[PDB]
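Trainee: Take this structure first; my questions come after.
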Amino acid sequence: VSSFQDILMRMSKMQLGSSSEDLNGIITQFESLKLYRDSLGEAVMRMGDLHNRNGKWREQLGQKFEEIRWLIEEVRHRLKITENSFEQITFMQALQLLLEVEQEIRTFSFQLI
Amino acid sequence: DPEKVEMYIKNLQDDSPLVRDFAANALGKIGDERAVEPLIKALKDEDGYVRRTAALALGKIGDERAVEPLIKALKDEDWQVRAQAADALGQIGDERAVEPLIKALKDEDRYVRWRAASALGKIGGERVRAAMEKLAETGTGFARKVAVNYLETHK
Amino acid sequence: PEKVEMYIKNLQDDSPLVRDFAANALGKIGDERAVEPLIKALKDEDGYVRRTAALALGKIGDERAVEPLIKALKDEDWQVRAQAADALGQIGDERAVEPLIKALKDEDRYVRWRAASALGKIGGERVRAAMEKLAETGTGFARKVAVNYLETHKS
Amino acid sequence: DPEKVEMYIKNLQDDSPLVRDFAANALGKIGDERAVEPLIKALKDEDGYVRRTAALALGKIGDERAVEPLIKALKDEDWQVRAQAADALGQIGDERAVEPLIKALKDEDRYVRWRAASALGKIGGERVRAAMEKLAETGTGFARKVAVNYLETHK
């Protein structure tokens, strides 16, 4: 429902005037994992009709499973400790997008192995 | 471990953009200077996800040889590449990027303008402070919010 | 329809998602007034928006978008190149034949596949010459399209 | 024959308007989609008879790529081109032409708006029924009689 760059900007304005070095780490992971999901779907498109090194290639994809999982836990923790209504909405809009990202990373990686 | 650099450098010319993106991201975590020139070549890759990840890696390295190629990346057709180039230019801290970043403050994309201003604050200098006073006096919107915050915190 | 003016205005919205939704709607409507704003949208700072603009111009069928789509075959993103080739194939203007043949030498294999498929839909003797060459020395899906063209089309 | 197609397509650029007219009419009888884009460019021919025959040919083929160029032909200065373009849009049946045809109900020539209503009836839909009810409520003359008959028979 919320645009990706919209959620980016809302978290960016939160970075100003606040001493949260974990916020840029969350923001840069939020951007990287969203765009990584987009490149996964394009890689499935490039296969055509599903036309894959065991271990190495599967691990490069499997390591991303933990990366998207922990980012969701990071955002959930920041949501649990903030008492500002705007910042809560921002974090929950990020969780809505990241929950879609996690689902599609797993489905695309299943098709790419 | 020292052989992991040469493997990823080769993967920067793989036919699959996903494989090239995995290599650039891994080279940024390693931090080896032997990847500086191969990553600079990747800033002109046909896949924008690879160019952005290459810029992020060059920012982690900190080698000033990537300053000028990152400056040219401020005119990339993708706003995600421009913004990531601003982060890398601010991370290196070379004042040669101050003037391109000031011109980037008039970019059409708003996230690009935020990253251009944020990078200028970290670089610092008298030329940066002059542009911060300009945005604090005549700027509007979120750009004014960042400039006035620069005067409140930095000096 | 009747919302063509609104969507044309939304092509300059700050949110890339809004610009993308507008380009997709203008292609479905089929109104002539959206051709020029969508042609300028081929230079949008968001690569996905440029992809939807090219797809929209193909659905419209206005020949005024042929020449700008040809220039889009040199976009920095391979996703925009492939999408421009698809639009050129859907329109069917013969002016795109020679640019699409040059796109057969693209570094990306997905671009070469969509350039070959677009050439097959346009047709002609010049297309058959490039199809015979692609059947002899081509690879991947581009080879697959060229050999199927020779199996069905004759002389 | 497919060989007779390329000959007539070439004849669409002949100096004689009689030759261009016979070529456009012949391409409509053949029905090959190879002639769609060459016929679309003929809707701007300097001879009003070639413009008329090209629209008729595009209607016989039925390719939806001609919908948007035929819509622009609804603003041609000659009523014969506007009327035959309306007939072609009705023969194709693409609902993208519904709203442009509704605007044609206020055409200056009575024959153009008459054929525009028939094209709307052939396409059908709820949007068509809305325009038919308005013609039955506030219309006069033949347009009122045709609209009332539409509601009596539920076309």
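In the structure tokens, each chain is lettered A, B, ... as it comes, each chain's residues begin at 1, and ligands are numbered from 1 in order of appearance.
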Counting only C-alpha atoms, which residues of chain B come no farther than 12 Å from chain A, as number ranges by chain?
Mentor: B: 15-23, 25-26, 47-50, 52-53, 56, 79-81, 83-84, 87, 109-115, 117-118, 121, 141-153
Trainee: Is it possible to get the superposed chain B, fitted on chain D over all Cα pairs by sequence order, as a PDB file with C-alpha atoms, in the first residue's frame?
Mentor:
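Writing the result to superposed.pdb gives the following:
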ATOM      1  CA  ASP B   1      -0.346 -14.772 -53.663  1.00  0.00           C
ATOM      2  CA  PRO B   2       2.010 -13.993 -50.728  1.00  0.00           C
ATOM      3  CA  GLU B   3       3.919 -11.655 -53.061  1.00  0.00           C
ATOM      4  CA  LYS B   4       0.755  -9.678 -53.859  1.00  0.00           C
ATOM      5  CA  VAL B   5       0.975  -8.070 -50.410  1.00  0.00           C
ATOM      6  CA  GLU B   6       4.462  -6.630 -50.906  1.00  0.00           C
ATOM      7  CA  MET B   7       3.497  -5.221 -54.313  1.00  0.00           C
ATOM      8  CA  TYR B   8       0.495  -3.311 -52.954  1.00  0.00           C
ATOM      9  CA  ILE B   9       2.478  -2.078 -49.936  1.00  0.00           C
ATOM     10  CA  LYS B  10       4.957  -0.500 -52.357  1.00  0.00           C
ATOM     11  CA  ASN B  11       2.074   1.076 -54.290  1.00  0.00           C
ATOM     12  CA  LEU B  12       1.034   2.914 -51.108  1.00  0.00           C
ATOM     13  CA  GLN B  13       3.910   5.331 -51.854  1.00  0.00           C
ATOM     14  CA  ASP B  14       3.184   5.730 -55.576  1.00  0.00           C
ATOM     15  CA  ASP B  15       2.968   9.264 -56.946  1.00  0.00           C
ATOM     16  CA  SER B  16      -0.499   8.613 -58.387  1.00  0.00           C
ATOM     17  CA  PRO B  17      -3.305   8.803 -55.783  1.00  0.00           C
ATOM     18  CA  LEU B  18      -5.395   6.428 -57.906  1.00  0.00           C
ATOM     19  CA  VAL B  19      -2.660   3.783 -57.694  1.00  0.00           C
ATOM     20  CA  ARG B  20      -2.347   4.247 -53.924  1.00  0.00           C
ATOM     21  CA  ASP B  21      -6.122   3.892 -53.555  1.00  0.00           C
ATOM     22  CA  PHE B  22      -6.112   0.650 -55.558  1.00  0.00           C
ATOM     23  CA  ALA B  23      -3.449  -0.790 -53.247  1.00  0.00           C
ATOM     24  CA  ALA B  24      -5.216   0.064 -49.982  1.00  0.00           C
ATOM     25  CA  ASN B  25      -8.493  -1.417 -51.237  1.00  0.00           C
ATOM     26  CA  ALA B  26      -6.731  -4.612 -52.329  1.00  0.00           C
ATOM     27  CA  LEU B  27      -4.906  -4.975 -49.002  1.00  0.00           C
ATOM     28  CA  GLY B  28      -8.253  -4.851 -47.204  1.00  0.00           C
ATOM     29  CA  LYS B  29      -9.599  -7.742 -49.270  1.00  0.00           C
ATOM     30  CA  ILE B  30      -6.478  -9.860 -48.705  1.00  0.00           C
ATOM     31  CA  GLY B  31      -6.552  -9.495 -44.921  1.00  0.00           C
ATOM     32  CA  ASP B  32      -2.819  -9.780 -44.217  1.00  0.00           C
ATOM     33  CA  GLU B  33      -1.495  -8.282 -40.981  1.00  0.00           C
ATOM     34  CA  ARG B  34       1.697  -7.126 -42.727  1.00  0.00           C
ATOM     35  CA  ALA B  35      -0.405  -4.274 -44.168  1.00  0.00           C
ATOM     36  CA  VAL B  36      -1.593  -2.965 -40.779  1.00  0.00           C
ATOM     37  CA  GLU B  37       1.319  -0.576 -40.211  1.00  0.00           C
ATOM     38  CA  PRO B  38       1.560   0.510 -43.888  1.00  0.00           C
ATOM     39  CA  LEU B  39      -2.176   1.280 -43.865  1.00  0.00           C
ATOM     40  CA  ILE B  40      -1.876   3.232 -40.601  1.00  0.00           C
ATOM     41  CA  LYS B  41       0.672   5.422 -42.387  1.00  0.00           C
ATOM     42  CA  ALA B  42      -1.882   5.843 -45.191  1.00  0.00           C
ATOM     43  CA  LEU B  43      -4.388   7.445 -42.794  1.00  0.00           C
ATOM     44  CA  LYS B  44      -2.280  10.619 -43.161  1.00  0.00           C
ATOM     45  CA  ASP B  45      -2.116  10.458 -46.965  1.00  0.00           C
ATOM     46  CA  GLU B  46      -2.544  13.712 -48.868  1.00  0.00           C
ATOM     47  CA  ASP B  47      -5.481  12.160 -50.786  1.00  0.00           C
ATOM     48  CA  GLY B  48      -8.700  11.800 -48.800  1.00  0.00           C
ATOM     49  CA  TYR B  49      -9.961   8.975 -51.006  1.00  0.00           C
ATOM     50  CA  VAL B  50      -6.848   7.057 -49.944  1.00  0.00           C
ATOM     51  CA  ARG B  51      -7.328   7.829 -46.242  1.00  0.00           C
ATOM     52  CA  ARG B  52     -10.958   6.674 -46.341  1.00  0.00           C
ATOM     53  CA  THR B  53     -10.117   3.448 -48.180  1.00  0.00           C
ATOM     54  CA  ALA B  54      -7.271   2.891 -45.708  1.00  0.00           C
ATOM     55  CA  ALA B  55      -9.715   3.175 -42.801  1.00  0.00           C
ATOM     56  CA  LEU B  56     -12.093   0.713 -44.477  1.00  0.00           C
ATOM     57  CA  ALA B  57      -9.204  -1.723 -44.944  1.00  0.00           C
ATOM     58  CA  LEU B  58      -8.097  -1.406 -41.309  1.00  0.00           C
ATOM     59  CA  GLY B  59     -11.663  -2.200 -40.269  1.00  0.00           C
ATOM     60  CA  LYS B  60     -11.602  -5.385 -42.336  1.00  0.00           C
ATOM     61  CA  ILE B  61      -8.295  -6.435 -40.757  1.00  0.00           C
ATOM     62  CA  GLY B  62      -9.488  -5.981 -37.177  1.00  0.00           C
ATOM     63  CA  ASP B  63      -6.010  -5.428 -35.730  1.00  0.00           C
ATOM     64  CA  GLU B  64      -6.219  -3.323 -32.572  1.00  0.00           C
ATOM     65  CA  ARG B  65      -2.989  -1.514 -33.506  1.00  0.00           C
ATOM     66  CA  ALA B  66      -5.131   0.608 -35.846  1.00  0.00           C
ATOM     67  CA  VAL B  67      -7.519   1.655 -33.052  1.00  0.00           C
ATOM     68  CA  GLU B  68      -5.552   4.690 -31.879  1.00  0.00           C
ATOM     69  CA  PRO B  69      -4.740   5.959 -35.421  1.00  0.00           C
ATOM     70  CA  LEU B  70      -8.407   5.527 -36.366  1.00  0.00           C
ATOM     71  CA  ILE B  71      -9.375   7.527 -33.265  1.00  0.00           C
ATOM     72  CA  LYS B  72      -7.212  10.406 -34.499  1.00  0.00           C
ATOM     73  CA  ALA B  73      -8.962  10.030 -37.869  1.00  0.00           C
ATOM     74  CA  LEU B  74     -12.218  11.062 -36.158  1.00  0.00           C
ATOM     75  CA  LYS B  75     -10.865  14.637 -36.403  1.00  0.00           C
ATOM     76  CA  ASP B  76      -9.967  14.461 -40.108  1.00  0.00           C
ATOM     77  CA  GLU B  77     -10.944  17.498 -42.166  1.00  0.00           C
ATOM     78  CA  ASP B  78     -13.129  15.318 -44.433  1.00  0.00           C
ATOM     79  CA  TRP B  79     -16.442  13.964 -43.150  1.00  0.00           C
ATOM     80  CA  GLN B  80     -16.085  10.885 -45.369  1.00  0.00           C
ATOM     81  CA  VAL B  81     -12.895   9.968 -43.496  1.00  0.00           C
ATOM     82  CA  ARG B  82     -14.495  10.544 -40.082  1.00  0.00           C
ATOM     83  CA  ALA B  83     -17.476   8.349 -40.957  1.00  0.00           C
ATOM     84  CA  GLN B  84     -15.297   5.543 -42.320  1.00  0.00           C
ATOM     85  CA  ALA B  85     -13.083   5.743 -39.231  1.00  0.00           C
ATOM     86  CA  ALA B  86     -16.203   5.227 -37.113  1.00  0.00           C
ATOM     87  CA  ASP B  87     -17.106   2.102 -39.099  1.00  0.00           C
ATOM     88  CA  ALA B  88     -13.618   0.678 -38.570  1.00  0.00           C
ATOM     89  CA  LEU B  89     -13.580   1.507 -34.849  1.00  0.00           C
ATOM     90  CA  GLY B  90     -16.924  -0.244 -34.459  1.00  0.00           C
ATOM     91  CA  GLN B  91     -15.719  -3.240 -36.466  1.00  0.00           C
ATOM     92  CA  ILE B  92     -12.656  -3.711 -34.249  1.00  0.00           C
ATOM     93  CA  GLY B  93     -14.714  -3.353 -31.074  1.00  0.00           C
ATOM     94  CA  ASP B  94     -12.058  -1.805 -28.830  1.00  0.00           C
ATOM     95  CA  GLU B  95     -13.751   0.178 -26.066  1.00  0.00           C
ATOM     96  CA  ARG B  96     -10.971   2.790 -26.197  1.00  0.00           C
ATOM     97  CA  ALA B  97     -12.936   4.334 -29.085  1.00  0.00           C
ATOM     98  CA  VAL B  98     -16.183   4.618 -27.090  1.00  0.00           C
ATOM     99  CA  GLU B  99     -15.325   8.005 -25.579  1.00  0.00           C
ATOM    100  CA  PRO B 100     -14.091   9.512 -28.895  1.00  0.00           C
ATOM    101  CA  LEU B 101     -17.244   8.216 -30.598  1.00  0.00           C
ATOM    102  CA  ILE B 102     -19.454   9.792 -27.920  1.00  0.00           C
ATOM    103  CA  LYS B 103     -17.734  13.124 -28.547  1.00  0.00           C
ATOM    104  CA  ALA B 104     -18.268  12.493 -32.272  1.00  0.00           C
ATOM    105  CA  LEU B 105     -22.029  12.422 -31.619  1.00  0.00           C
ATOM    106  CA  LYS B 106     -21.828  16.242 -31.572  1.00  0.00           C
ATOM    107  CA  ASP B 107     -20.184  16.439 -35.004  1.00  0.00           C
ATOM    108  CA  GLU B 108     -21.505  19.050 -37.416  1.00  0.00           C
ATOM    109  CA  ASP B 109     -21.936  16.489 -40.212  1.00  0.00           C
ATOM    110  CA  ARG B 110     -25.016  14.294 -39.846  1.00  0.00           C
ATOM    111  CA  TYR B 111     -23.634  11.180 -41.555  1.00  0.00           C
ATOM    112  CA  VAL B 112     -20.693  11.288 -39.140  1.00  0.00           C
ATOM    113  CA  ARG B 113     -23.097  11.325 -36.188  1.00  0.00           C
ATOM    114  CA  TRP B 114     -25.023   8.342 -37.575  1.00  0.00           C
ATOM    115  CA  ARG B 115     -21.856   6.285 -38.009  1.00  0.00           C
ATOM    116  CA  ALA B 116     -20.643   7.305 -34.550  1.00  0.00           C
ATOM    117  CA  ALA B 117     -23.895   6.055 -33.001  1.00  0.00           C
ATOM    118  CA  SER B 118     -24.013   2.892 -35.130  1.00  0.00           C
ATOM    119  CA  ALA B 119     -20.434   2.028 -34.160  1.00  0.00           C
ATOM    120  CA  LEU B 120     -21.220   2.484 -30.458  1.00  0.00           C
ATOM    121  CA  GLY B 121     -24.129   0.043 -30.668  1.00  0.00           C
ATOM    122  CA  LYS B 122     -21.954  -2.694 -32.159  1.00  0.00           C
ATOM    123  CA  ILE B 123     -19.149  -2.148 -29.630  1.00  0.00           C
ATOM    124  CA  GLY B 124     -21.517  -2.256 -26.663  1.00  0.00           C
ATOM    125  CA  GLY B 125     -20.844  -1.962 -22.962  1.00  0.00           C
ATOM    126  CA  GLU B 126     -22.185  -0.097 -19.967  1.00  0.00           C
ATOM    127  CA  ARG B 127     -20.565   3.164 -21.081  1.00  0.00           C
ATOM    128  CA  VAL B 128     -22.345   2.797 -24.428  1.00  0.00           C
ATOM    129  CA  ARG B 129     -25.691   2.106 -22.739  1.00  0.00           C
ATOM    130  CA  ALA B 130     -25.331   5.245 -20.609  1.00  0.00           C
ATOM    131  CA  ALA B 131     -24.850   7.416 -23.700  1.00  0.00           C
ATOM    132  CA  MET B 132     -27.753   5.635 -25.410  1.00  0.00           C
ATOM    133  CA  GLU B 133     -30.033   6.467 -22.482  1.00  0.00           C
ATOM    134  CA  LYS B 134     -28.816  10.075 -22.666  1.00  0.00           C
ATOM    135  CA  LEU B 135     -29.686  10.382 -26.362  1.00  0.00           C
ATOM    136  CA  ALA B 136     -32.973   8.543 -25.802  1.00  0.00           C
ATOM    137  CA  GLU B 137     -33.956  10.951 -23.011  1.00  0.00           C
ATOM    138  CA  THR B 138     -32.674  14.323 -24.265  1.00  0.00           C
ATOM    139  CA  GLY B 139     -31.772  13.697 -27.913  1.00  0.00           C
ATOM    140  CA  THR B 140     -33.714  14.882 -30.944  1.00  0.00           C
ATOM    141  CA  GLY B 141     -34.067  14.077 -34.622  1.00  0.00           C
ATOM    142  CA  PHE B 142     -32.461  11.007 -36.154  1.00  0.00           C
ATOM    143  CA  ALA B 143     -30.092  10.694 -33.179  1.00  0.00           C
ATOM    144  CA  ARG B 144     -33.034  10.019 -30.856  1.00  0.00           C
ATOM    145  CA  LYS B 145     -34.416   7.514 -33.377  1.00  0.00           C
ATOM    146  CA  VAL B 146     -31.209   5.462 -33.211  1.00  0.00           C
ATOM    147  CA  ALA B 147     -30.886   5.657 -29.417  1.00  0.00           C
ATOM    148  CA  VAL B 148     -34.466   4.569 -28.697  1.00  0.00           C
ATOM    149  CA  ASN B 149     -33.933   1.738 -31.185  1.00  0.00           C
ATOM    150  CA  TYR B 150     -30.875   0.648 -29.183  1.00  0.00           C
ATOM    151  CA  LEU B 151     -33.016   0.189 -26.072  1.00  0.00           C
ATOM    152  CA  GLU B 152     -35.697  -1.661 -28.048  1.00  0.00           C
ATOM    153  CA  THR B 153     -33.271  -4.203 -29.558  1.00  0.00           C
ATOM    154  CA  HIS B 154     -30.060  -4.566 -27.530  1.00  0.00           C
ATOM    155  CA  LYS B 155     -31.608  -4.450 -24.051  1.00  0.00           C
TER     156      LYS B 155
END
Trainee: Taking a cut-off of 8 Å and counting only C-alpha atoms, can you build a table that, for each residue of chain C near chain D, reports the nearest atom pair and how far apart they are in Å (one decimal), sorted by chain then residue number, as CSV?
Mentor:
residue,atom,partner,partner_atom,distance
C:1,CA,D:99,CA,7.2
C:29,CA,D:96,CA,6.2
C:30,CA,D:96,CA,6.1
C:31,CA,D:68,CA,7.1
C:32,CA,D:68,CA,7.0
C:59,CA,D:65,CA,7.8
C:60,CA,D:68,CA,6.4
C:61,CA,D:65,CA,5.6
C:62,CA,D:69,CA,6.6
C:91,CA,D:65,CA,7.2
C:92,CA,D:37,CA,6.6
C:93,CA,D:37,CA,6.3
C:122,CA,D:34,CA,7.8
C:123,CA,D:34,CA,8.0
Trainee: Please save C-alpha atoms of the selected residues as a short mmCIF file (atom, residue, chain, number, x, y, z; two decimals), in the first residue's frame.
Mentor:
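Result file is selection_13.cif:
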data_model
loop_
_atom_site.label_atom_id
_atom_site.label_comp_id
_atom_site.auth_asym_id
_atom_site.auth_seq_id
_atom_site.Cartn_x
_atom_site.Cartn_y
_atom_site.Cartn_z
CA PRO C 1 -10.86 7.11 -19.79
CA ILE C 29 -6.77 3.87 -22.09
CA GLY C 30 -5.34 4.32 -25.58
CA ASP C 31 -5.73 8.10 -25.74
CA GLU C 32 -3.60 10.08 -28.18
CA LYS C 59 0.01 -0.80 -26.45
CA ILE C 60 -1.02 2.60 -27.84
CA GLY C 61 0.42 1.90 -31.29
CA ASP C 62 1.15 5.53 -32.17
CA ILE C 91 4.08 -1.59 -33.19
CA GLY C 92 5.64 -3.20 -36.26
CA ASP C 93 7.20 -0.14 -37.90
CA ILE C 122 8.00 -7.26 -37.84
CA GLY C 123 9.10 -9.59 -40.63
#
Trainee: Could the residues of chain C within 9 Å of chain A, counting only C-alpha atoms, be given as a list in words, please?
Mentor: residues 14, 15, 16, 17, 18, 79, 109, 110 and 141 of chain C
Trainee: Set the distance at 12 Å and use only C-alpha atoms: which residues neighbour residue 145 (chain C) once local chain neighbours fewer than 3 positions away are removed? I'd like the list as a VMD selection string.
Mentor: chain C and resid 112 to 121 127 to 128 130 to 135 138 to 142 148 to 153
Trainee: Mind writing the picked residues with N, CA and C atoms as a PDB file, in the first residue's frame?
Mentor:
ATOM      1  N   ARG C 112      19.100  -9.703 -26.382  1.00  0.00           N
ATOM      2  CA  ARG C 112      19.218 -10.300 -27.708  1.00  0.00           C
ATOM      3  C   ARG C 112      18.019 -11.176 -28.037  1.00  0.00           C
ATOM      4  N   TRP C 113      17.454 -11.845 -27.032  1.00  0.00           N
ATOM      5  CA  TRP C 113      16.255 -12.648 -27.251  1.00  0.00           C
ATOM      6  C   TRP C 113      15.068 -11.780 -27.642  1.00  0.00           C
ATOM      7  N   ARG C 114      14.851 -10.685 -26.915  1.00  0.00           N
ATOM      8  CA  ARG C 114      13.716  -9.823 -27.217  1.00  0.00           C
ATOM      9  C   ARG C 114      13.913  -9.051 -28.518  1.00  0.00           C
ATOM     10  N   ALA C 115      15.165  -8.753 -28.881  1.00  0.00           N
ATOM     11  CA  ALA C 115      15.429  -8.147 -30.182  1.00  0.00           C
ATOM     12  C   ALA C 115      15.113  -9.121 -31.312  1.00  0.00           C
ATOM     13  N   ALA C 116      15.435 -10.404 -31.125  1.00  0.00           N
ATOM     14  CA  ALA C 116      15.125 -11.403 -32.143  1.00  0.00           C
ATOM     15  C   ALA C 116      13.624 -11.637 -32.253  1.00  0.00           C
ATOM     16  N   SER C 117      12.926 -11.708 -31.117  1.00  0.00           N
ATOM     17  CA  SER C 117      11.479 -11.895 -31.154  1.00  0.00           C
ATOM     18  C   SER C 117      10.786 -10.707 -31.806  1.00  0.00           C
ATOM     19  N   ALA C 118      11.280  -9.495 -31.547  1.00  0.00           N
ATOM     20  CA  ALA C 118      10.699  -8.314 -32.175  1.00  0.00           C
ATOM     21  C   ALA C 118      10.930  -8.320 -33.681  1.00  0.00           C
ATOM     22  N   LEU C 119      12.121  -8.739 -34.117  1.00  0.00           N
ATOM     23  CA  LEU C 119      12.389  -8.838 -35.549  1.00  0.00           C
ATOM     24  C   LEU C 119      11.462  -9.848 -36.213  1.00  0.00           C
ATOM     25  N   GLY C 120      11.224 -10.984 -35.554  1.00  0.00           N
ATOM     26  CA  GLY C 120      10.332 -11.984 -36.119  1.00  0.00           C
ATOM     27  C   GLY C 120       8.918 -11.473 -36.322  1.00  0.00           C
ATOM     28  N   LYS C 121       8.421 -10.665 -35.382  1.00  0.00           N
ATOM     29  CA  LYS C 121       7.066 -10.137 -35.512  1.00  0.00           C
ATOM     30  C   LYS C 121       6.976  -9.093 -36.618  1.00  0.00           C
ATOM     31  N   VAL C 127      14.713  -9.038 -42.190  1.00  0.00           N
ATOM     32  CA  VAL C 127      14.593  -9.847 -40.982  1.00  0.00           C
ATOM     33  C   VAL C 127      15.047 -11.275 -41.253  1.00  0.00           C
ATOM     34  N   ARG C 128      14.656 -11.835 -42.400  1.00  0.00           N
ATOM     35  CA  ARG C 128      15.037 -13.207 -42.720  1.00  0.00           C
ATOM     36  C   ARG C 128      16.548 -13.358 -42.838  1.00  0.00           C
ATOM     37  N   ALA C 130      18.830 -11.624 -41.097  1.00  0.00           N
ATOM     38  CA  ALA C 130      19.337 -11.662 -39.730  1.00  0.00           C
ATOM     39  C   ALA C 130      18.940 -12.949 -39.018  1.00  0.00           C
ATOM     40  N   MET C 131      17.791 -13.527 -39.376  1.00  0.00           N
ATOM     41  CA  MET C 131      17.371 -14.787 -38.771  1.00  0.00           C
ATOM     42  C   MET C 131      18.259 -15.940 -39.220  1.00  0.00           C
ATOM     43  N   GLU C 132      18.663 -15.945 -40.492  1.00  0.00           N
ATOM     44  CA  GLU C 132      19.568 -16.982 -40.977  1.00  0.00           C
ATOM     45  C   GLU C 132      20.934 -16.874 -40.311  1.00  0.00           C
ATOM     46  N   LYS C 133      21.429 -15.648 -40.132  1.00  0.00           N
ATOM     47  CA  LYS C 133      22.700 -15.450 -39.444  1.00  0.00           C
ATOM     48  C   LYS C 133      22.606 -15.864 -37.979  1.00  0.00           C
ATOM     49  N   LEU C 134      21.488 -15.542 -37.322  1.00  0.00           N
ATOM     50  CA  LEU C 134      21.297 -15.941 -35.931  1.00  0.00           C
ATOM     51  C   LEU C 134      21.154 -17.450 -35.786  1.00  0.00           C
ATOM     52  N   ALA C 135      20.609 -18.124 -36.799  1.00  0.00           N
ATOM     53  CA  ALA C 135      20.481 -19.575 -36.724  1.00  0.00           C
ATOM     54  C   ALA C 135      21.832 -20.262 -36.860  1.00  0.00           C
ATOM     55  N   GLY C 138      24.177 -17.814 -33.692  1.00  0.00           N
ATOM     56  CA  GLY C 138      23.541 -17.347 -32.479  1.00  0.00           C
ATOM     57  C   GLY C 138      23.442 -18.421 -31.411  1.00  0.00           C
ATOM     58  N   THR C 139      23.119 -17.982 -30.196  1.00  0.00           N
ATOM     59  CA  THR C 139      23.026 -18.881 -29.055  1.00  0.00           C
ATOM     60  C   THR C 139      21.806 -18.532 -28.217  1.00  0.00           C
ATOM     61  N   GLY C 140      21.434 -19.467 -27.344  1.00  0.00           N
ATOM     62  CA  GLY C 140      20.382 -19.226 -26.376  1.00  0.00           C
ATOM     63  C   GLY C 140      19.008 -19.064 -27.004  1.00  0.00           C
ATOM     64  N   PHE C 141      18.170 -18.276 -26.326  1.00  0.00           N
ATOM     65  CA  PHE C 141      16.810 -18.046 -26.799  1.00  0.00           C
ATOM     66  C   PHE C 141      16.790 -17.288 -28.122  1.00  0.00           C
ATOM     67  N   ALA C 142      17.817 -16.476 -28.392  1.00  0.00           N
ATOM     68  CA  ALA C 142      17.897 -15.794 -29.681  1.00  0.00           C
ATOM     69  C   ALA C 142      18.053 -16.795 -30.818  1.00  0.00           C
ATOM     70  N   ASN C 148      13.152 -21.168 -35.304  1.00  0.00           N
ATOM     71  CA  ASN C 148      11.711 -21.320 -35.468  1.00  0.00           C
ATOM     72  C   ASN C 148      11.179 -20.417 -36.574  1.00  0.00           C
ATOM     73  N   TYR C 149      11.806 -19.255 -36.776  1.00  0.00           N
ATOM     74  CA  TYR C 149      11.417 -18.382 -37.879  1.00  0.00           C
ATOM     75  C   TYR C 149      11.651 -19.062 -39.222  1.00  0.00           C
ATOM     76  N   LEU C 150      12.774 -19.772 -39.359  1.00  0.00           N
ATOM     77  CA  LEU C 150      13.077 -20.446 -40.617  1.00  0.00           C
ATOM     78  C   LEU C 150      12.184 -21.661 -40.835  1.00  0.00           C
ATOM     79  N   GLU C 151      11.707 -22.284 -39.753  1.00  0.00           N
ATOM     80  CA  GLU C 151      10.837 -23.447 -39.889  1.00  0.00           C
ATOM     81  C   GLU C 151       9.463 -23.066 -40.425  1.00  0.00           C
ATOM     82  N   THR C 152       8.964 -21.882 -40.071  1.00  0.00           N
ATOM     83  CA  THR C 152       7.619 -21.456 -40.440  1.00  0.00           C
ATOM     84  C   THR C 152       7.606 -20.520 -41.643  1.00  0.00           C
ATOM     85  N   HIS C 153       8.380 -19.439 -41.598  1.00  0.00           N
ATOM     86  CA  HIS C 153       8.459 -18.536 -42.737  1.00  0.00           C
ATOM     87  C   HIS C 153       9.297 -19.157 -43.849  1.00  0.00           C
TER      88      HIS C 153
END
